[PDB]
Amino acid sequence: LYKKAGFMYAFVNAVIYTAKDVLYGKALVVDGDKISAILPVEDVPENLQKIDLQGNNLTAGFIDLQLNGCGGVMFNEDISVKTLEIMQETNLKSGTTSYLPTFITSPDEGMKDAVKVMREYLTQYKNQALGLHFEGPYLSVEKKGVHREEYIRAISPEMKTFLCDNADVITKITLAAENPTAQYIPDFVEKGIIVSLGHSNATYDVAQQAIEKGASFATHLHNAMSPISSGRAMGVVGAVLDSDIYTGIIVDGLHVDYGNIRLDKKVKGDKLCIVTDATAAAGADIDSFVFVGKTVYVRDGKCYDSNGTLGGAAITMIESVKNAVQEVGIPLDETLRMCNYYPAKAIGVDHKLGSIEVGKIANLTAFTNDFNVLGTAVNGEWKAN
């Protein structure tokens, strides 16, 4: 009624990266919040409103599976619907239409606050911030990174019930394979929570046991992980590489050498996902921020604490696309799949998001060949950058 869902409109004069094809000479019709039609550009009804993308690129909006903050805010430091709204709006400037608010190692009280804020946000917004990613606290202090040792712990039976009871707003939990909490991996998976390995010093065998129990993701590969340290000690890194699970990797050139990403892409193929792991530094100009009481300084696109340990990243998805194409040498269409289609599959939202197919949600990103985002559509709502 009254065109509440909007007039139908069409993107024209774009190269369309659908995830399965690269389309030339086609137009993309949006109807309400859905991708309506993909048709020859000269068959678009003359009465449709048209967005002329001037020969640039159009793809499904990026999905960022690990995001602690951006645009000057941190979810841990300000647990509110407003923070989530700010992060969503900031993400659009870099082509990211959905994300997982990532809430790291901290007391039980804030975790329950996070659950309340997520459920409140989800009464108002769909297909944007999708669900919580609890990164910690059930980690290993030997691979704590910037996480506070005093909060790294094993799960109580009551907290296990709490998280299972609230699985409808929890997309992912990152935990250590050797933490006693790994006993509950089948319980989490049964409730629909993605279990991901991270901040873990486990051996190869112990990591594979957690994968066997149902862990299906690995959090920022190489960072805070036991590595392949010898021919006979493969660690969490080797376990993740020598498996079929999806894995996230940061492509800022600072967390992981581009050479390592080249190797990891050859091994992992269509199971390697790009995440930002971004902080308040991303999409803003700041000199420091607070991360669960620890001050993280921002200098030269590096986010590090006073001892030089990296605490998140300052990168965005479209910047990550550019680095993967230009420095890692991944072809553009495959790089895009690592930012939309593969993360969608990794958390099981791919029936409605992550690729350009008729009937899926019109979450979309337009971008140039020098990797500037021109605009986004979220639920069919186009907003130029």
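Numbers for residues come from their place in the sequence shown, where the first is 1.
Stretches 305-313 and 236-244 differ in mean CA B factor, with 305-313 having the higher one. Of the two segments, 158-166 and 190-198, the one listed with the higher mean B-factor is 158-166 (C-alpha atoms only). Going by the entry's values, 149 shows the largest Cα B-factor out of 135, 205, 149, 85. Note on 77, 264, 89, 178: the highest value goes to 77, judged by CA B factor as recorded. Ranked against the other modelled residues of its chain, the C-alpha B-factor of residue 322 as given in the entry falls in the lowest third. In the PDB entry, residue 99 places in the lowest third of its chain by CA B-factor. The entry lists a Cα temperature factor for residue 355 that places it in the lowest third of the chain's modelled residues.
In this PDB entry, the Cα temperature factor of residue 32 sits in the top third of its chain's modelled residues, the highest group.
Compared with the other modelled residues of the chain, the Cα B-factor recorded for residue 346 ranks in the middle third.
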